[PDB]
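Here Cβ is always computed from backbone atoms with ideal geometry, including for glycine, and neighbour counts include all displayed protein chains. The values are calculated or read from the model by the stated rules, or taken from the named source; no laboratory read-out is quoted.
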Amino acid sequence: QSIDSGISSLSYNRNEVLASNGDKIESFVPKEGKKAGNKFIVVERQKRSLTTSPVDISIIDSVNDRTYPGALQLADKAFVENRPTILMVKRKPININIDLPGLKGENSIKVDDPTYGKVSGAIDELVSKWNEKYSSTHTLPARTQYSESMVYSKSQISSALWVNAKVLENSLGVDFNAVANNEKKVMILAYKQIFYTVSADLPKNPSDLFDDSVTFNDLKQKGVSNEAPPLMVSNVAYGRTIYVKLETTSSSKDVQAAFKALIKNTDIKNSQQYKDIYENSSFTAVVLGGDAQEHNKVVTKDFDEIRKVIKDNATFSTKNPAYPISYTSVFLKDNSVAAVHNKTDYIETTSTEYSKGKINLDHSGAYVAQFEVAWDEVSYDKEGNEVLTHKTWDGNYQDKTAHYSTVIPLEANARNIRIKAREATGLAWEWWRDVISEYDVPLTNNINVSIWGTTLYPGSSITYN
């Protein structure tokens, strides 16, 4: 069999062949009530399905040797796992092209036997060709691309940020369990820094890559199949990537809010509300490419340190070598761009915080009073529905004389608070003057009910803390 015939005799789905089948969901409860120390956490849970189709694949800085312009790879199940099967055979010369500024021009060069070694040489030689014409200026700005996402699933954040889950896991330390138990609220940003790209001139036919001596039965033996179709690395982004982790123990609906407020440094990042969230928040910044040394990290409570990390890696130097961040590939058959089809189901967890309170009753009046304190306690059934539990203060409908002071403590799941004080000038409770009559009292920390005055001129005030 021929090479150009062989490669065409391949019946594979150009779409489904490079596809990640991100895990199918674990059974969730739509709503969950959870008491966790002076706090009642209400978590709502929704199943979400995301379908991404990136044409850009990231490279694990460990196996960077297998990815370069003109490289030959396989569209096998190992490709989606960012560790591809290489294809080293005898090659016909292939042309590469740098996209560095102010180059019309000589930006293009010919490589005789495309191998990582001489291809790196050709990229280096092309860079020499730029930094000789621009002998004076060595520092250029990086072409920064910014991504930002809330973390729910290991599978989701990987599908969200087109970054290998393990990379993200190891380099940042995403506690995916705390995240899955709504014990931690995690946001990860990704400042993708591109120095330049090296493009490798596409062939007219599959044969234009392979030296004539090479046959389809050698490639067939080398792993080429309908299951592992051949690929060519058409483009490679060279540079670094700063990843930033924003961690909090809070369940306050305004985390994403305080986090965005903080990254953008918008005036609101100063208000009291966002302040308690920053008190339980750690910021981690890691850089991955070439320049910063392996296992570098910033772990801070002051976002200004992180801010420094980004402004520092926003400029690259033309004399220092660049390392491959991501890459485009093409199927040898249609010369069409190979894309990864990312299916992923995940649970989108939303949460709210509630902190306990207490009604403080204070009778001081020149009369007898009677109280009618009552509220509900919210619980959630297995189907997610709200279940009300009617509670009443034990001292309800019993005579109180000046001076009487008490506390009616309320559990953070308390709703429907009613405080009522009636005045004993009358036959029985049913027909007594209200001194205070309050409905749907908002659960504070302190609900201060004070009844004072005279049996004819009584006073009442409902104050909060």
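If we scan the range 141-163, do we find a residue that is out of contact with any helix residue (DSSP H, G or I) (no Cβ under 7 Å at 6 or more places or on another chain), surrounded by fewer than 19 Cβ atoms within 10 Å (Cβ to Cβ) and under 25 Å from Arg83 (Cβ atoms)?
yes
Is it the case that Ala322 is touching a residue at least 60 places away in the same chain (Cβ under 8 Å), aliphatic (A, V, I, L, M) and either part of a loop (DSSP other than H, G, I, E, B) or assigned by CATH to the domain that holds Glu32 (or both)?
Taking the combined requirement at face value, the residue satisfies it.
Can you tell me which residue is nearest to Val340 (Cα to Cα) among those in the range 123-178 that are hydroxyl-bearing (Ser, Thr, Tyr) and touching an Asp or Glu at 6+ places or on another chain (Cβ under 8 Å)?
Looking at residues that are hydroxyl-bearing (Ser, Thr, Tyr) and touching an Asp or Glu at 6+ places or on another chain (Cβ under 8 Å), I get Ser155.
Yes or no, residue by residue, for (1) surrounded by fewer than 20 Cβ atoms within 10 Å (Cβ to Cβ); (2) in the same structural domain as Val89 (by CATH); (3) in contact (Cβ under 8 Å) with a residue 60 or more places away in the chain:
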residue	(1), (2), (3)
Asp201	yes, yes, yes
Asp208	yes, yes, yes
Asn217	yes, yes, yes
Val224	no, yes, yes
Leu231	no, yes, yes
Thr248	no, no, yes
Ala257	yes, no, no
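Can you name the condition, by its number, that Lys264 falls short on among (1) buried (at least 18 other Cβ atoms within 10 Å of the Cβ); (2) closer than 22 Å to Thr144 by Cβ?
Here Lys264 meets the rest and fails (1).
Do we have any residue at all in the range 309-319 that's more than 24 Å from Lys154 (Cα to Cα), among the acidic types (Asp, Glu) and in contact (Cβ under 8 Å) with a residue 24 or more places away in the chain?
No, because not a single residue in the range 309-319 is more than 24 Å from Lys154 (Cα to Cα), among the acidic types (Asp, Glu) and in contact (Cβ under 8 Å) with a residue 24 or more places away in the chain.
Based on this model, can you work out whether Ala374 counts as within 20 Å of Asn446 (Cα to Cα) and of a type in the set (A, V, I, L, M)?
For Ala374, the condition - within 20 Å of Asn446 (Cα to Cα) and of a type in the set (A, V, I, L, M) - is met.
In the range 122-140, what residues are touching a strand residue (DSSP E or B) at 6+ places or on another chain (Cβ under 8 Å) and either surrounded by fewer than 16 Cβ atoms within 10 Å (Cβ to Cβ) or β-branched (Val, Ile, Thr) (or both)?
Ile123, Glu125, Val127, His138, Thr139
Please count how many residues of the range 434-465 are touching a residue at least 24 places away in the same chain (Cβ under 8 Å) and either in a loop (DSSP other than H, G, I, E, B) or farther than 30 Å from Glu353 by Cα (or both).
14
Quick one: which residue in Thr392, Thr352 is under 31 Å from the mean Cα position of the chain (by Cα) and touching a residue at least 12 places away in the same chain (Cβ under 8 Å)?
Matching residue, one of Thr392, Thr352: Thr352.
Filter the range 428-455 down to residues that are closer than 13 Å to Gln370 by Cβ and of a type in the set (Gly, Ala, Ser) and give me whichever is surrounded by the fewest Cβ atoms within 10 Å (Cβ to Cβ).
Only one residue fits best here, namely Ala428.
So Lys269 ticks every box in (1) surrounded by fewer than 22 Cβ atoms within 10 Å (Cβ to Cβ); (2) outside the structural domain of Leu168 (by CATH) but one. Which box is left unticked?
(2)
Check whether at least one residue in the range 169-190 is of a type in the set (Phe, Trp, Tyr) and assigned to a helix (DSSP H, G or I), and report yes or no.
Taking every residue of the range 169-190 in turn, at least one turns out to be of a type in the set (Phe, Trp, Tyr) and assigned to a helix (DSSP H, G or I).
Testing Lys204 on (1) charged (D, E, K, R); (2) closer than 30 Å to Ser281 by Cα; (3) part of a loop (DSSP other than H, G, I, E, B), one condition comes back false. Which one is that?
Here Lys204 clears every test but (2).
Tell me which residues, restricted to the range 164-202, are among the polar types (S, T, N, Q) and within 30 Å of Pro101 (Cβ to Cβ).
Answer for the range 164-202, where residues must be among the polar types (S, T, N, Q) and within 30 Å of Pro101 (Cβ to Cβ): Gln193, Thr197, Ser199.
From the list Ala237, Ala292, which residue is touching a strand residue (DSSP E or B) at 6+ places or on another chain (Cβ under 8 Å), closer than 30 Å to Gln73 by Cα and surrounded by fewer than 20 Cβ atoms within 10 Å (Cβ to Cβ)?
Testing whether each residue is touching a strand residue (DSSP E or B) at 6+ places or on another chain (Cβ under 8 Å), closer than 30 Å to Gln73 by Cα and surrounded by fewer than 20 Cβ atoms within 10 Å (Cβ to Cβ) leaves just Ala292.
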